[PDB]
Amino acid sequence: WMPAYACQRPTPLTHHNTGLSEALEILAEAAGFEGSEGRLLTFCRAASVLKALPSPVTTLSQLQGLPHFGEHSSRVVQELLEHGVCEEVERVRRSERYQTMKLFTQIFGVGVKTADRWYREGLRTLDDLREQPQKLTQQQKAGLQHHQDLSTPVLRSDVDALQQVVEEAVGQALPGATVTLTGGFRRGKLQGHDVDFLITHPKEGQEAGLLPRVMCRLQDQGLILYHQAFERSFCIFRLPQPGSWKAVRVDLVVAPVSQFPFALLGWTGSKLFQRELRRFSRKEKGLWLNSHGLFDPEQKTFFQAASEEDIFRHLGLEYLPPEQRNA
């Protein structure tokens, strides 16, 4: 009754097992900080199964038969049901390793590998890193300077204002080009830690060379606090605030219109949903999916899609709107 892949079931943004899923996600995150991608995936998948359930789990019984619940994830749930806390989860939460790896990986320009090296070198705080600025790339310097602003969520109000400024630059760069809001906001989130836009043009090929032209125009308007032929730009933008402004992460992506459904699908997420969807495509259907297309490796052909609905149909999956992709 519960399918094994997250792309086979609706997953709403809000649900009935919030505390249980949050605890499993702490363990998933900690597994990632240790380089255990397999354990991260299992804990993420188990958390996502709980998000997809129609009511709260109240008894351990109710996990029997659910995919991705074995001895470890079931024991976590059991401890939470019986005591309101799970000792393993709380030990992770308060550990110096978890807290520092979380802080460091939050920095734009710092991943697990860099964070882990710094941790092993004895660094623990953002001010530790600031004192050693020759250890830092230009990207990391920007991430560190702007870390406080980037730690505060963006509201949907802010997003609409940003979209209008991006649309103005895009229209000068290439009249007729369009801007679509993707990422978590397209899935219905009311807040988020960045904003994602997908840009195309209805005439195939006109979008070639577009992103540099857009970036130059936004920089000329004084809106770009940090960036840098290309088709994805990971920026920090100046967002107006009453009497001042704040830094916001914005991603801009260009795709040809032939690829737009695939890029829209990919950039709308969630991250787990897209990993599960690509895994399903390859392992169950023998087709290879990315943000550019869907390849049949036996006929050596690409599926044409005119819509996300087309892609779900190609893959034999019932359509899920973005609001049900919150795996």
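Throughout, rigid core stands for the largest set of C-alpha atoms superposing within 1.5 Å between the two forms. Heads up: residue numbers just count along the shown sequence, starting at 1.
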Practice prompt. Would you mind working out which of 205-213 and 83-91 sits farther from this form in 8 other deposited structures of this protein by RMS C-alpha distance, with the rigid core as the fit?
Written response: 205-213
Worksheet entry | Greater Cα displacement in 8 other deposited structures of this protein once the core is superposed, comparing 154-162 with 178-186 | 154-162
Practice prompt. Answer with none, 1 to 3, 4 to 9, or 10 or more: how many deposited residues between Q228 and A229 are not present in the coordinates.
Written response: 10 or more
Fill in: Which of 118-126 and 253-261 has higher mean CA B factor, as the PDB entry lists it
118-126
Discussion item. Comparing average C-alpha B factors as deposited, tell me which of 173-181 and 216-224 sits higher.
Written reply: 216-224
Worksheet item: Of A161, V195, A247, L144, which one's C-alpha B factor is largest in the deposited record?
Response: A161
Worksheet item: Per the PDB entry, which option out of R186, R97, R232, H201 has the greatest Cα B factor?
Response: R97
Discussion item. Using only modelled residues of the chain, where does the Cα B factor of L287 rank: lowest third, middle third or highest third?
Written reply: middle
Item to complete: Relative to the other modelled residues of the same chain, rank the CA B-factor of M2 and answer lowest, middle or highest third.
Response: highest
Worksheet item: Lowest, middle or highest third: where is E276 by C-alpha B factor in its chain?
Response: lowest
Discussion item. Looking at the temperature factor on the CA atom of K51, which third of the chain's modelled residues does it land in?
Written reply: lowest
Item to complete: Pull the Cα B-factor of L66 out of the PDB entry and bin it into the chain's lowest, middle or highest third.
Response: highest
